[PDB]
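Listed next as structure tokens is one chain, alone, in the form deposited in one PDB entry.
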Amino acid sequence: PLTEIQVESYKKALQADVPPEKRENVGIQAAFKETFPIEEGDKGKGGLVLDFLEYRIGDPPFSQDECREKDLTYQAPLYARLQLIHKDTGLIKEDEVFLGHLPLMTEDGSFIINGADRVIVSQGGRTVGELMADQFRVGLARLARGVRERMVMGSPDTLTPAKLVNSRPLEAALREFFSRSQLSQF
């Protein structure tokens, strides 16, 4: 079939119930591990290194049934464990940072968005799982950029992972991917 190929695909792109160190270099994981670390040396001593440790996918607050009746979106929240290294001092600053809500894929390919049963057709040759992961990379690449900028024009001492990170660019990129998803006819 396709749904079964497609479902698993997305399901491996998120690795959502896989313990962080049993996680393969795929989809988001790659996206994150590849796009991070963001360093600004540039000041002779230090500036900062911001490294990625892990990501957490929340578990769904509403079930598919609840979601289709109560007209809600079927999505888990995404968090990233970020860490700011002052090499000027050695000081480290950890933080779980909120990166937005990921839609979960129900058993038949469809997503549930605000009660509605919506599908991302692959037209094709790059499955739904890698289609998302690809667009995820772009967002992150933009988010990776708000940080590089703030580091340059903030006081390192008052900077912290949560302040450097702006999720908007990541979300804008997701909204657009899941925005042009279509309604299902089963």
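Residue positions are given as counts along the sequence shown, with the first one as 1. Here, rigid core means the biggest group of C-alpha atoms that superpose within 1.5 Å across both forms.
A.B. asks: Do the CA atoms of 129 to 137 or those of 149 to 157 have the higher mean B-factor in the entry?
C.D. replies: Here the higher of the two C-alpha B-factor means belongs to 149 to 157.
A.B. asks: Taking only the CA atoms, which stretch has the higher mean B-factor in the record, 41 to 49 or 23 to 31?
C.D. replies: The stretch with the larger mean CA B-factor is 41 to 49.
A.B. asks: Among the modelled residues of this chain, does the Cα B factor of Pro77 put it in the lowest, middle or highest third?
C.D. replies: Lowest third of the chain for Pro77's C-alpha B-factor.
A.B. asks: Relative to the other modelled residues of the same chain, rank the CA B-factor of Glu54 and answer lowest, middle or highest third.
C.D. replies: Its C-alpha B-factor, which the entry lists for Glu54, ranks in the lowest third among residues of this chain.
A.B. asks: Please place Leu91 in the lowest, middle or highest third of its chain by C-alpha B factor as given in the entry.
C.D. replies: Its C-alpha B-factor, which the entry lists for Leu91, ranks in the highest third among residues of this chain.
Another form, the form deposited in another entry, is not on view; read the next lines as being about it.
A.B. asks: Among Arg56, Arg68, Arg148, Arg137, which is the residue that shifts its C-alpha 2 Å or more between the shown form and the other one, core superposed?
C.D. replies: After core superposition, the single residue displaced by 2 Å or more is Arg68.
A.B. asks: Answer yes if the CA of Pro161 moves 2 Å or more between the shown form and the other one after aligning the rigid core, and no otherwise.
C.D. replies: It does not reach a 2 Å shift.
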